[PDB]
Amino acid sequence: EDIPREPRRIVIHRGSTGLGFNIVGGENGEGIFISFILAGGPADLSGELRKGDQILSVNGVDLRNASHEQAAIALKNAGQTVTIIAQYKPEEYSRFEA
């Protein structure tokens, strides 16, 4: 609704539940997508990320062509304050994850 088509920058702070989201994808022609946002966790309270966002970068590490494992390591090692570049692609998310 107030989500643009182009990539956006979101800053999250890591908590006791991590970043408060989980990821799928990173294989074939599917990039890294947010599949779940934990209620009350850091991503949810930020208000800015959505299921079906593709993660393009985290703290400058390019995740456009990462595998799931590569992305999970980048997110684990990104530190307490994490800058995410995300692009909202709900139709492409549904093609892969429906």
Side-chain angles (χ1 to χ4, degrees), residues 1-27 29-98:
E1 29 146 25
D2 45 6
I3 195 146
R5 173 171 148 175
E6 293 168 304
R8 33 201 230 288
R9 173 188 92 86
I10 299 113
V11 176
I12 297 199
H13 296 276
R14 194 184 303 275
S16 78
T17 57
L19 308 172
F21 64 85
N22 286 279
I23 55 165
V24 291
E27 57 179 66
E30 183 183 8
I32 300 299
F33 281 91
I34 295 184
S35 63
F36 170 77
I37 294 172
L38 186 79
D44 184 33
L45 265 186
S46 129
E48 294 173 57
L49 288 169
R50 301 210 199 174
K51 175 179 188 186
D53 271 322
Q54 191 180 336
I55 301 177
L56 306 181
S57 178
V58 62
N59 286 348
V61 174
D62 181 0
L63 296 184
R64 291 180 85 190
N65 202 11
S67 63
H68 190 102
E69 198 64 43
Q70 290 172 327
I73 294 168
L75 284 166
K76 179 187 65 191
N77 290 336
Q80 292 296 306
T81 299
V82 182
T83 300
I84 297 172
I85 306 301
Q87 185 173 27
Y88 186 52
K89 296 181 181 185
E91 294 182 347
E92 176 166 338
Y93 176 77
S94 297
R95 287 206 202 90
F96 288 115
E97 300 290 336

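In this chain, numbering begins with 1 at the start of the sequence shown. Computation of the quantities below employed the complete heavy-atom set of this structure, encompassing side-chain atoms and omitting hydrogens, waters and symmetry-equivalent molecules.
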Considering non-hydrogen atoms only, spot the tightest contact between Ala66 and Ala71 and give its length.
CB-N, 4.3 Å
Keeping to residues at least two apart or across chains, list the salt bridge (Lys or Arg N to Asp or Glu O under 4.0 Å) pairs with something in residues 34-44.
none
How far apart are the closest heavy atoms of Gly20 and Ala43, and which atoms are they?
O-CB, 3.8 Å
Please enumerate all residues that pass side-chain contact (heavy atoms from CB on, under 4.5 Å) together with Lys51, with sequence neighbours excluded.
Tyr93
Within the structure provided, determine whether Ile85 and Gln87 are in side-chain contact (heavy-atom separation under 4.5 Å).
no
Test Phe21 against every option in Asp53, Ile84, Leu38 by the side-chain contact (heavy atoms from CB on, under 4.5 Å) rule and name the one that passes.
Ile84
To check you understand the geometry: which heavy-atom pair defines the closest contact between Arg50 and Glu1, and what is its length?
NH2-N, 2.8 Å
Check side-chain contact (heavy atoms from CB on, under 4.5 Å) between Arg14 and all other residues, then give those that pass, not counting sequence neighbours.
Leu19, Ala78, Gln80, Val82
By side-chain contact (heavy atoms from CB on, under 4.5 Å), which residues pair with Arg5, not counting sequence neighbours?
none
How many angstroms lie between atom CG of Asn59 and atom CG of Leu75, to the nearest 0.5 angstrom?
9.0 Å
Partners meeting side-chain contact (heavy atoms from CB on, under 4.5 Å) with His68 (sequence neighbours left out)
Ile23
What closest approach, in Å, do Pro42 and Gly18 show between heavy atoms, and which atom pair accounts for it?
CG-O, 3.5 Å
Answer yes or no: is there a side-chain heavy-atom contact under 4.5 Å between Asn77 and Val61?
no
Going only through I, L, V, M, F, W and Y residues with side-chain contacts under 4.5 Å, is there a path from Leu63 to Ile10?
yes
Just verifying a value: how many Å separate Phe33 CZ and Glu92 CD, rounded to the nearest 0.5 Å?
4.5 Å
With sequence neighbours left out, which residue pairs that include part of residues 64-83 fulfil the salt bridge (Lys or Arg N to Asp or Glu O under 4.0 Å) condition?
none
CG on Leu56 to CZ on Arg8, rounded to 0.5 Å
10.0 Å
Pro90 side chain near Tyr88 side chain, heavy-atom distance below 4.5 Å
yes
Value rounded to 0.5 Å, distance of CD1 in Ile32 from CD in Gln70
8.5 Å
